[PDB]
Amino acid sequence: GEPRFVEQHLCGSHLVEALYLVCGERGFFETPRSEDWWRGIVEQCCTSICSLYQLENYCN
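If you number the sequence shown the way PDB author numbering does, the last residue is 56 and the count never jumps.
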């Protein structure tokens, strides 16, 4: 029952800070992603709900 599996609404600064926390800047985000990739993250985490663990899998 780890808290990182609790889904929530990641919008605005919450989503930016969550990406810095679980995905980091070095590695995945060192290469710019696509606008469609960013559309899917906002859709799955801001419009819908996603967990920090689910967000980590988007960055592999």
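Virtual Cβ for every residue (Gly too), placed ideally from N, Cα, C.
- The beta carbons of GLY20 and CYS55 sit closer together than 9 Å.
- If you keep only unbroken alpha helix (DSSP H) runs of at least 4 residues inside the region 15 to 46, you get 31 to 38.
- For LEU48, the uninterrupted alpha helix (DSSP H) run begins and ends at 48 to 55, by DSSP.
- Take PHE24, set aside five residues on each side of it, and the residues of its chain with a beta-carbon closer than 7 Å to its own are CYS55, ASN56, in chain order.
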